[PDB]
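Student: Any chance you can model this:
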Amino acid sequence: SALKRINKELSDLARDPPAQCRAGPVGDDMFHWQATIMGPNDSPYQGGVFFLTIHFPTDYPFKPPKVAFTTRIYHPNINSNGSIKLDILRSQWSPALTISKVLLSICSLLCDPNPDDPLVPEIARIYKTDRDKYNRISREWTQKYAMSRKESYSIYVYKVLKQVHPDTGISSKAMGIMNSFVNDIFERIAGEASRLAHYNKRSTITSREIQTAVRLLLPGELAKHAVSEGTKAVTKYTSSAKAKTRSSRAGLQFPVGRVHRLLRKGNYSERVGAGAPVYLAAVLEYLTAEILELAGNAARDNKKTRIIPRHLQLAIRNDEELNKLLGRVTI
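Tutor: Numbering: from 1, shown residues only. I have put the structure below:
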């Protein structure tokens, strides 16, 4: 029930966005959303972008969501931990309220604080005693800190296959399976990278977060090779001339721009370093390169030229490392 309710809220929010607010799920984790708020005009926070984190409980909507600020802000009801002292979140939460209603109630709180029930004591004194100081320090902080079908990669898979096997081809059914492997890898790698960014309170997913994610999730030799390919790919992109395309600069067949777009689109973090998409794209290409190689080597040993869903099951199940990684995915 919790999941169904969370999807309906997204659908309702999808048709019409709330004024000055935007929110969406993180990767495939429905329970964890990321919300961005555009600063209200009348308030001193105008001109700043503020990010939040939302964690739906298992009992949603019968328990409240856990909302907090990742972006530092100056407010009588918001502290350094990002905690928000709002009545709807704890005392007045009702399953009739929606995440969209919550966000609009936080925008109102920025417009009009409740400084008699404060969360930071000193800020409530300044706001009540000397308002000019509150507004100007708010703008000081605003400036100093606040400034849909499934994807398919078929073309890029074809290009990788030809380098590995000039005369071998891949069937559409097998090609769809490849898209499932690429998405699963992308989702999980980036997924862990998002956790590490939040674990370390870092607003940027650099290539480093991708490496640490790759090194922990990929088993044994796969991780070693993938990290080597990713570091080589990042190094070549930084050095190469700035004129060429991002895919050619990194020496990869997979699209860097698109991968860079997907990290930004999934709300995995506040900002996305330029190195992360190249590292991740490289890891995707390596695993893709290996899988198609083994799949075709198994199809070639049957005196065929067309990979099929069977040869994919054989290339993975014959391999202990790959099977650990992608055994869960169904045919």
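Student: What's the end-to-end length of stretch 44-54?
Tutor: End-to-end span of stretch 44-54 (C-alpha to C-alpha, to the nearest Å): 24 Å.
Student: Show the residue spans covered by the helices in the stretch 201-331 of the chain.
Tutor: 207-217, 221-239, 246-249, 256-265, 275-300, 309-317, 320-326 (DSSP state H, counting those that start in this stretch).
Student: Among those, which comes closest to residue 25?
Tutor: helix 256-265 (11.1 Å; C-beta to C-beta). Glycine gets a C-beta too; all of them are placed from N, C-alpha and C.
Student: Buried ones in that closest one, by neighbour count?
Tutor: Judged by neighbour count (16 or more other C-beta atoms under 10 Å), helix 256-265 contains these buried residues: 256, 258, 259, 260, 262, 263.
Student: could you dump that helix to PDB, C-alpha only?
Tutor: Below are the C-alpha coordinates for helix 256-265, written out as PDB (Å, rounded to 0.1, in the frame of the first residue of the first chain):
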ATOM      1  CA  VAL A 256      28.900  10.500 -22.000                       C
ATOM      2  CA  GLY A 257      26.400  13.400 -22.400                       C
ATOM      3  CA  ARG A 258      23.400  11.000 -22.000                       C
ATOM      4  CA  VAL A 259      25.000   9.300 -19.000                       C
ATOM      5  CA  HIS A 260      25.700  12.700 -17.600                       C
ATOM      6  CA  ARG A 261      22.100  13.700 -18.200                       C
ATOM      7  CA  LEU A 262      20.800  10.600 -16.400                       C
ATOM      8  CA  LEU A 263      22.800  11.200 -13.200                       C
ATOM      9  CA  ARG A 264      21.400  14.800 -13.100                       C
ATOM     10  CA  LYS A 265      17.900  13.500 -14.000                       C
END
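Student: Name the surrounding residues that touch that helix.
Tutor: Residues outside helix 256-265 that contact it (C-beta atoms under 8 Å, 6 or more residues apart in numbering): 151, 186, 190, 205, 237, 245-247, 249-250, 269, 272, 274, 276-278, 280-281, 284.
Student: In space, what's closest to residue 237 - neighbours in sequence excluded?
Tutor: residue 250 (4.2 Å; C-beta to C-beta, 6 or more residues apart in numbering).
Student: tell me the contacts of that neighbour?
Tutor: Counting by C-beta under 8 Å, 6+ apart, residue 250 touches 233, 234, 236, 237, 240, 256, 278, 281, 282.
Student: mind redoing it with 6 Å?
Tutor: 233, 237, 256, 278 (C-beta atoms under 6 Å, 6 or more residues apart in numbering).
Student: closest to residue 114 among the buried residues of helix 256-265?
Tutor: For the buried residues of helix 256-265, the closest approach to residue 114 (C-beta to C-beta) belongs to residue 263, at 37.1 Å.
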